[PDB]
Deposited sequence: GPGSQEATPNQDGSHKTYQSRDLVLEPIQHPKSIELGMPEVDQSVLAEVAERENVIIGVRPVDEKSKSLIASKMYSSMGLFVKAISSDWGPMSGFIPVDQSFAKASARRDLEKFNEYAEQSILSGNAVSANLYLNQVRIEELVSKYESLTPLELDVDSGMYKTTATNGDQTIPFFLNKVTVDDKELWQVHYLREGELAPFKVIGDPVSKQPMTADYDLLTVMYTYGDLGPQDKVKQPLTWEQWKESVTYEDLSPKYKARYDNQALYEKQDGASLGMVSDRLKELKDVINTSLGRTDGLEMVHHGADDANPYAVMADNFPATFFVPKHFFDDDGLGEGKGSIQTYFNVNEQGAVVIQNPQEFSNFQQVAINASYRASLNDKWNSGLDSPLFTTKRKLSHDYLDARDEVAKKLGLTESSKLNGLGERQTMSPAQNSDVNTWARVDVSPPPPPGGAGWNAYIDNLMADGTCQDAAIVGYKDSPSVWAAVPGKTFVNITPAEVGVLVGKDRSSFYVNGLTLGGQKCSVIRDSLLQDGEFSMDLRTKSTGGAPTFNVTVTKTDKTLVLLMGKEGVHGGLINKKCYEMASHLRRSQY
């Protein structure tokens, strides 16, 4: 039951635990269905747990692009981006001028509006009772509002909540003392819906099947834009209250492990079958924590790296056209570490699978020519054979194949017929060979390239034959020696012989 592919070893999860996620499970089910229908793997950055009810209410808009003012983690504005950044997280409170300018510029550039903040009864109960973020509400008889303070952030600031009816909903409007006077609390809202922005569903990565990879149809990412539209359509929010936004903000020089994990991944349903990670290899839920809604929960960088490898192995990859930040505190995120196992296995397989004689010019024996051909250690056999009149081996490596070449075999090599040897090859010293290239009649080559034929898994070897005015120069490489190296060597010796009228 253990998953094994090269250096990737995954052991079954003993006692699967339930992991808390910020994304409402109704939307997790939607994203699981989108991954199946679209045949893609979608990764979504964690949503802050405390913002779940805000998203579940389906009343708000979500964080769009070009908003550099940050959210608050305290008071009744928790989970929203206050226009007055003194009400935001500690990093904004200690850099007021910088953050207040970001909020103001977001409005001035048409990227946000200043909106009123209404909270539902669920939110008031969460802040008072579940999280104890606010002190119990106390009716202030003069204004008719309920006063409360935050139990974190600045505990000296009073907030005032007023019961209002907004489009048939009984909500609580947030008010505060602005320059000492009661005023409606303002948050950054979306420019088209005018509704406050909560956290959005920030896509971490999208991995597509091979068929969906390739050049774009941009006649000036379209696939990612199209997928985001399918997601928003399937999420079914009112127009203007979308959870996913087209485009993406800068990578940002920040880390925080809570901003990247636990990430929720959504995958095609075939990953959940018994042969999910391959024939008899097990289902993805055996090695990764998957909930009832089909969300694959990735808790840390090692799990993210392992999940990415399983997806890559299953032929799902991030696009060339798409831009992702995905990683953060990288264990082995380089391209060289995430290579497909089909690529590495094929490379390993290929590396394994690839492995009266006249006096010679000078007058000092033909054996010196054989010694020359055998010197660089690339060849196991070499021969110089006269082919005119009665053919004979002038010189050859003793105890090898070429020394036994016959006149019948020479006749096939130099014969007029250049097609019968394609039926089942030819022999050289009795050794069966296949013809790879017959360039015997090509000017400037006068050569034939062959490869021996053998039984089972016994090695085979490349052979080149080059024809001169009176001789055939034959060479056989050792195991693994490329045919081009042998052809070049045979060509060079043949040229030398042709220069001396041989």
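Deposited-sequence ranges lacking C-alpha coordinates, in sequence order: Holes in the chain trace, numbered from 1: 1 to 15, 236 to 277, 413 to 444.
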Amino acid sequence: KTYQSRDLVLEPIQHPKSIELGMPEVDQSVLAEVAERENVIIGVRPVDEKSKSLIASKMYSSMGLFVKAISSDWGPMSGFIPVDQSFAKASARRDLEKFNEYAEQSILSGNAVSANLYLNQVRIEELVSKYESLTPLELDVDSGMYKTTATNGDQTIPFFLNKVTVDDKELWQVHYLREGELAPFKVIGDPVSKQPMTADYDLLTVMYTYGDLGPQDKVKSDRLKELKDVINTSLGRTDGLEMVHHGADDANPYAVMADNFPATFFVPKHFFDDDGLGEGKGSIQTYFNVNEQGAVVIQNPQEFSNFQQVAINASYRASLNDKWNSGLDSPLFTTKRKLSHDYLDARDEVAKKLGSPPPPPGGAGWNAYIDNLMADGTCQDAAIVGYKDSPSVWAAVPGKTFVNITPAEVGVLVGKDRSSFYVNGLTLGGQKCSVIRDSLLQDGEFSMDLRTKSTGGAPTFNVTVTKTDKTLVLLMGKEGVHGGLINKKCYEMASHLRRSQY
From here on, numbers count along this sequence of modelled residues.
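Higher-scoring stretch by recorded Cα B factor average, 306 to 314 or 382 to 390: Higher mean C-alpha B-factor in the PDB entry: 382 to 390.
Comparing 430 to 438 with 469 to 477, the one whose average Cα B-factor in the PDB entry is higher: Going by the record's values, the stretch with the higher mean is 469 to 477.
Maximum C-alpha temperature factor, selected from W74, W324, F266, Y208: Reading the PDB entry, the winner on C-alpha B-factor is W324.
Top Cα B factor in the deposited entry, candidates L203, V350, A248, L119: Of the options given, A248 has the highest CA B-factor in the PDB entry.
Lowest, middle or highest third - CA B-factor, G484: Answer is lowest: the recorded C-alpha B-factor places it there.
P12, C-alpha B-factor rank within chain (lowest, middle or highest third): For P12, whose C-alpha B-factor we compare with every modelled residue in the chain, the answer is the highest third.
Third of chain Cα B-factors occupied by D449: According to the entry, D449 has a C-alpha B-factor in the chain's lowest third.
CA B-factor placement of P407, once the chain's modelled residues are sorted into thirds: Its C-alpha B-factor, which the entry lists for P407, ranks in the middle third among residues of this chain.
Where the record places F421 (Cα B-factor, split into thirds across the chain): It belongs to the lowest third of the chain when residues are ordered by C-alpha B-factor.
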